[PDB]
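Structure first, then comments.
Computation of the quantities below employed the complete heavy-atom set of this structure, encompassing side-chain atoms and omitting hydrogens, waters and symmetry-equivalent molecules. In the text below, chain A, chain B and the rest are named by the order of the sequence lines, each starting its count at 1.
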Amino acid sequence: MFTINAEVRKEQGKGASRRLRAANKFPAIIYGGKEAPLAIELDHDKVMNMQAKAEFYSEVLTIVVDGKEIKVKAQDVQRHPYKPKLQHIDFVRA
Amino acid sequence: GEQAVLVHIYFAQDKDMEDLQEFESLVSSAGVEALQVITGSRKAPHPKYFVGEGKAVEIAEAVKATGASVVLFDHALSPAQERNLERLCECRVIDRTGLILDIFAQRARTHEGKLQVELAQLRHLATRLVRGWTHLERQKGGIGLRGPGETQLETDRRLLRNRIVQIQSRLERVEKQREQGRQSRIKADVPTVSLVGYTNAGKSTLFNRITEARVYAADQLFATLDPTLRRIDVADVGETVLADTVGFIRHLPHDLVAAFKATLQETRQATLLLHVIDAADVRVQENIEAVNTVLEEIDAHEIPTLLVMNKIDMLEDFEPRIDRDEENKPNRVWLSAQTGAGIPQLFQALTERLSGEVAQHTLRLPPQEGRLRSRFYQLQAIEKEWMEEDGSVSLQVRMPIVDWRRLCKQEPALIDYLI
Amino acid sequence: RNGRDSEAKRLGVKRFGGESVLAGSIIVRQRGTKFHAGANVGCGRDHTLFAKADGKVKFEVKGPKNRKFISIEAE
Amino acid sequence: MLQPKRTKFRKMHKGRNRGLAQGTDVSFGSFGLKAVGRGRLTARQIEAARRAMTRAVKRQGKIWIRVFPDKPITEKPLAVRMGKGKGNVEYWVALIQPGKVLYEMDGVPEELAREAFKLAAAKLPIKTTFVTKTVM
RNA sequence: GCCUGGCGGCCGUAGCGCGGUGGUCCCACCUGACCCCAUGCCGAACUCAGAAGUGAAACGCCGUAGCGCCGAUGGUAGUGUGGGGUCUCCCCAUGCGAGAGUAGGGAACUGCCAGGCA
RNA sequence: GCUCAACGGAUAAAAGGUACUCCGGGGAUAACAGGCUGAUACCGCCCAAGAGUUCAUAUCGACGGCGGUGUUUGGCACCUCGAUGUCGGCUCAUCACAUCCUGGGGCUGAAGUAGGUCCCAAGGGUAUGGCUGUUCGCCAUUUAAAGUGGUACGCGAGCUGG
RNA sequence: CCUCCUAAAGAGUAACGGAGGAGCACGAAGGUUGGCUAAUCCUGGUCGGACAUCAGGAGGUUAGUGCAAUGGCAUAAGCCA
RNA sequence: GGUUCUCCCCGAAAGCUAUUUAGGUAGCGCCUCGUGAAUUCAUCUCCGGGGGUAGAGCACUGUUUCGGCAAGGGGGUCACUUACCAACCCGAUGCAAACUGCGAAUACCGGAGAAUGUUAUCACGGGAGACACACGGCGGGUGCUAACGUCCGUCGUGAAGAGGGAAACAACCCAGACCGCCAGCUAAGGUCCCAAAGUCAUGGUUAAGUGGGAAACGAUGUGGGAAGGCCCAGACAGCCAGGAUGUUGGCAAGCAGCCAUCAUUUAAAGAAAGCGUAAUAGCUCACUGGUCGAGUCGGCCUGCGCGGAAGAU
Ligand SMILES: Nc1nc2c(ncn2[C@@H]2O[C@H](COP(=O)(O)OP(=O)(O)NP(=O)(O)O)[C@@H](O)[C@H]2O)c(=O)[nH]1
Ligand SMILES: [Mg+2]
């Protein structure tokens, strides 16, 4: 049911990630299987309200990147130490 | 809560002797672990150590052998005697008054109790300013030369006196607060009874049983600090205030008694004192003497008193009863705490104790006496209730004269039975 | 009670990987054999490692225990 | 009042309290009190907050204390000069960084948990926030 | 080509466990002990003269992710230089960028010599 | 042949008092007062277990928390050692307000008189003696009140010298 | 005088900073040749107890080092002749 | 303490070691003049190295919390057992300057290569001065992550450095004065007047003179963002109506306290929210509907504001 819409990261690193989080996106990674890992950026408020639901961390999610639907599972979440925010999500293909 | 060598001396010649068992009780209540209890006998105190040179060397040897941390005398000893004992044995020395002040310091949980205990400690320490060891040495000078202008001993005396005055001033503030709390009741025609006596007299548990209100009680000496007041029912005058109080011990420090002036205001102005006495204590006469001595010290011995002998259950084959003076006024009562024996007789004696009316009226009216129900049941009660022929209702009532007068003013008073 | 210390011993690697050494030059001063000796390197009585031949210093890790060895490669 | 039973040494250096907290998730119970600020938490403060919240929940549920004060803090007495050796140990503190979950709580409704944690946070010297258990 | 022995390279992706398998040669145990040699007692070990037996144990090989081991990408922490703040601590630009953890890998690879069987 | 151990070791061989004091220096360095700080002190607030005849917040307020002043004790050694006279008293004062009295007001466990507490308010007022060198303090007797602090702990080129 | 830390990953680095030691010992406790491998626990066993020696097992240095601490030590630098 | 004419070039240190030494002095470090010897030296790139710091982690050394599987002791039976306690091990969770199965950035050592630099490197000789340092930044010990405090490391400035800025203000920011000019461009910092330059352009916020001093904490101030409940089955605050049966539940009536805390007819009612009553009666909250026709309710994240906020000419 969960359909996230994400872009492919032009630049990756500390500075780029913090610029994303100041612009209210945040980075994430898709790995697993045998295709190469894909580094993407997501919309923070949308994914936060999405992961408020408990079944987010159990169902098969879909992510739309460059018009391609990739089916994934949420593997790890990195959260801000004291704010209700997200730093990074790891998605495993399945 | 450290290791101590305990010291007691049998001053049998004069009344300056103290009880070793009570002393050990105070020490254990303080929490100190006793490694040895030394005894001596003397005629009058030795000025240099408070004990002989031989006994001082024995206490030094005992400290050296046992590795003790403190030495607890059961007696008041001067700062010079403390200094000389300290010089002989490196361990610290605690007076009986110091032990009592330490016990109260540990026990104090309220703001008032902390204030009083720190005032007592400040006065006790102001007594012990004999050594002015400081690193600034004597300030030399002459006429027209710079300097502090005064000695360090005088400066320290100034500072101690100033801070003592500060603690005192906050204490009269606390007295004003408690006096407002008192004055809430005095404008009312309040009866107030304060139960007081030697420690471990069972008076706190007597309060708990009478008032059905939980207050701390145990086998710990000086268990209670600060008073607690509770409403109680008495047959004659109705509502009365029972007050628990901090207990006494033989030879309370005078600085402590002065510090507790704010707390003792309840006993000062009590309409009755219930002097609760442990009958099972073999030193019962000494307890009477000590309690009367402190009452005289605070100048509260002219108040009406009534003795209450608790712990009759420890007396074999005894039943409670009330001993009465030649004027037919109950001056002594006996009772028990846990078994509850003697409690109703204590209530009856309390009814008899304070009152100024014995007349009983009988009232009756046509159907206009629901207001009479309300007013009677409002002031006190209906003493004897019944009806009679033709719908008439014949009450019998006995309430105080002030209640009579206020009821007469409020009502039309066409009953022509109540004044 | 705690105003004491010993003169510092100036221990450590005195001559680093790849530098040229004459015979007899101390490579590393050490308490215990933190570096062991390999080719053309001698161990002293206080565990000093010195060059036994003119060459260039080389560091390596050898053996089952992954121990560090000092060797001198003849230039 | 918490304290280590024993220690290798009696006096630690002052150090610094930089960085972000580890152990930033509610692990044992369902609810937790998390530190938003930074600073020390003394054993007296920890005891005060624990007593307040345990009174707020009248002997019900279960309470975990995640922070333990294991750092000795020395203070020199008054009328003493500088130097002449390091001061004597007077109390123990727990260094708190942002994100550190301090207390944890289970077996209670969320309203009672919030009330108890307000009463506790009224005793601590650092800003805190309410947190709830999360999956992954 | 297959198997064994000796000596190396590398030093856990190489180990420890579990299951199976091998005696032609080799190896192992094994047979005996005046002597060569030895037990702070013991032919257990060291050692000598051998070859009836069995691969039981050991050893080698093969299979198994039980444990060990290895281990990205992305993010995070930290930090050099320059600048800023609300300056006990942080943030911005730029360069370097962990540890832990996840996905996954992993039942080593190889050189000289000798013997047996093809 | 060295506890030359004060361990780069004055000599083989060596302790104290000075208020009867002296001389060269140093504000490189203490005491006074000033400065920085503000642990301590004083005041203020946050939470509310509890006390308060029932009743957390009339009046208080434990366990703990946060500030303010610069005011006590301290910390530092910044100024002054080619001199910045110290405590108390007398004379003369001046500001602050965290108000002692008098004014205005909210609450009150304010029936009335009399109070308590908080808020506004600095115009004016704001003891005399015994004891002691005293400041303080105790006491006697007063008053509407006998405020708390700053001013080199105001004030010796104004007095005194306990 | 020696060990560690402060000490900021070469050296070095102060305070009346935090903690401990030395002012020796040994003709074997030195040299060399040959040989060997610990602590602890589990189980069974005469006197035997939680802990004396023996037998096997797990374990792999949690032992040892003449004396503090640090760093080392299985080729052993540990033990025996 | 004082030490007398001029100009030109270079130009410190306030550290280590030792000392009856500590405000003295000596060697070295630093200055300077001279002589001599090589890419000698610095910077950057690449290459070869060793770290054990920051961070991290918890195998080790210690410390810590909870749970699990459970020896062993002890209050009692006079070997059972256990509301106390409970080591080992297992799982999760943290902490360490004197912990490390990990581990940077920098710095340091060495080699090679350009370019650049008044040889800036090394040695020797003549002459010194100096060995009270101060503050600022970063990393620390100590102190209270107190001090214009003290003690180290490292860089900068002052010392020994003028000019511009910070009102004034050695050590902070910009910036290194050979001399003259009534010429121009910029740095920090500024551009309404004192006072040189925008009463400049565009879009927002604030109403507090906030700006131009301050905290926990308190608050329908005001702007913005993402969701949520409800509403044309009519919502929210407004406007009418009912709160009773056992029962005065029991140990005082719902309303001192304590225990049951469940039904009920029913549109609905907690054995009752405070007031109040001696206490009932009473008061009416929770509790439910009618009428009323466009939005309403309250949590989260954030910009800027408010109170908390009292000193002496
Ligand atoms: N045997 C017996 N023990 C009694 C009796 N009354 C009281 N006690 C016990 O004596 C002790 C009394 O303590 P407490 O009630 O605090 O009396 P208290 O005098 O008010 N204590 P304090 O004055 O020191 O604060 C308790 O141990 C109580 O058990 C009695 O009648 N008989
Ligand atoms: Mg009592």
Does a side-chain N or O of [X] approach OP1 or OP2 of [N] to a distance below 4.0 Å, or not?
X	N	answer
C:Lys68	H:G51	yes
D:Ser27	H:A92	no
D:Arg51	F:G50	no
D:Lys14	H:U145	yes
D:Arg18	E:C87	no
D:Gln22	H:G57	yes
B:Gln177	F:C60	yes
D:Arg81	F:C76	yes
D:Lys86	H:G143	yes
A:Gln78	E:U76	no
A:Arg18	E:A77	yes
B:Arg230	F:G52	yes
A:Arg9	E:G75	yes
C:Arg1	G:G20	yes

Determine the interatomic distance between [atom1] on [N] and the same-named atom on [M]; round to the nearest Å.
N	M	atom1	result
F:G50	H:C138	P	49 Å
H:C230	H:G305	P	39 Å
G:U61	H:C60	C1'	13 Å
F:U72	F:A41	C1'	5 Å
H:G57	H:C102	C1'	7 Å
F:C153	H:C173	P	41 Å
H:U280	H:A256	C1'	15 Å
E:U47	G:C54	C1'	28 Å

Under a 3.5 Å limit on both key distances, is there a Watson-Crick or G-U wobble pair between [N] and [M]?
N	M	answer
H:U247	H:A208	no
H:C306	H:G218	yes
H:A294	H:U40	no
H:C182	H:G228	no
F:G85	F:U69	no
E:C37	E:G43	yes
F:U151	F:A93	yes
H:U222	H:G303	yes
H:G55	H:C102	yes
F:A140	F:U128	yes

5′-ward residue of the pair D:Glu75/B:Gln139 relative to RNA chain F = B:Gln139
Closest-nucleotide ordering on RNA chain F, the 5'-leading residue of B:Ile143 and B:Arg138 | B:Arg138
Does [N] count as syn, meaning its glycosidic angle lies within 90° of 0, or as anti?
N	value
H:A196	anti
H:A269	syn
H:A208	syn
H:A37	anti
F:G156	syn

Using a 4.0 Å heavy-atom cut-off across all strands, classify [X] as base, sugar-phosphate, or nothing.
X	value
C:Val61	sugar-phosphate
D:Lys62	sugar-phosphate
A:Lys73	nothing
C:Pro64	base
C:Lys14	nothing
C:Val57	nothing
A:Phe26	nothing

Assess whether a salt bridge exists between [X] and [Y], defined as any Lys/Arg side-chain N lying under 4.0 Å from an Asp/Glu carboxylate O.
X	Y	value
B:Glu175	B:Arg178	no
D:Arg114	D:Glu110	yes
B:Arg185	B:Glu266	yes

In terms of heavy-atom contacts, does CZ of B:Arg375 have more than 12 from other residues, nucleotides or ligands at under 6.0 Å?
-> yes
Does [X] reach the main-chain N or O of [Y] with its side chain, forming a donor-acceptor pair under 3.5 Å?
X	Y	result
D:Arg38	D:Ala35	no
C:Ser25	C:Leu22	yes
C:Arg15	C:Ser20	yes

For residues 27-51 of chain A, which residues have at least one heavy atom under 4.0 Å from RNA chain H?
-> A:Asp45, A:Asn49
Can you list, by residue number, the residues of residues 149-172 of chain B that have a non-hydrogen atom closer than 4.0 angstrom to RNA chain H?
-> none
Nucleotide nearest [X] when distance is taken to its side chain, options [options]:
X	options	answer
C:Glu19	H:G62, H:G110, G:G72	H:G110
D:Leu119	F:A48, H:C66, F:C60	F:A48
A:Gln12	G:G17, H:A96, E:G75	E:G75

Examine the side chains of B:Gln116 and B:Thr263 and answer whether a donor and an acceptor come within less than 3.5 Å of each other.
-> yes
Taking a pair as Watson-Crick or G-U wobble with both distances under 3.5 Å, which nucleotide is matched to H:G48?
-> H:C109
The reported gap from CE in A:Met48 to CG in A:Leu42 (rounded to nearest 0.5 angstrom) is 13.5 Å
Among D:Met53, D:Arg66, D:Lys34, find the one that has a side-chain contact (heavy atoms from CB on, under 4.5 Å) with D:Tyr103.
-> D:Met53
Taking atom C1' of H:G143 as reference, at what distance in whole Å does atom NZ of D:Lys11 sit?
-> 13 Å
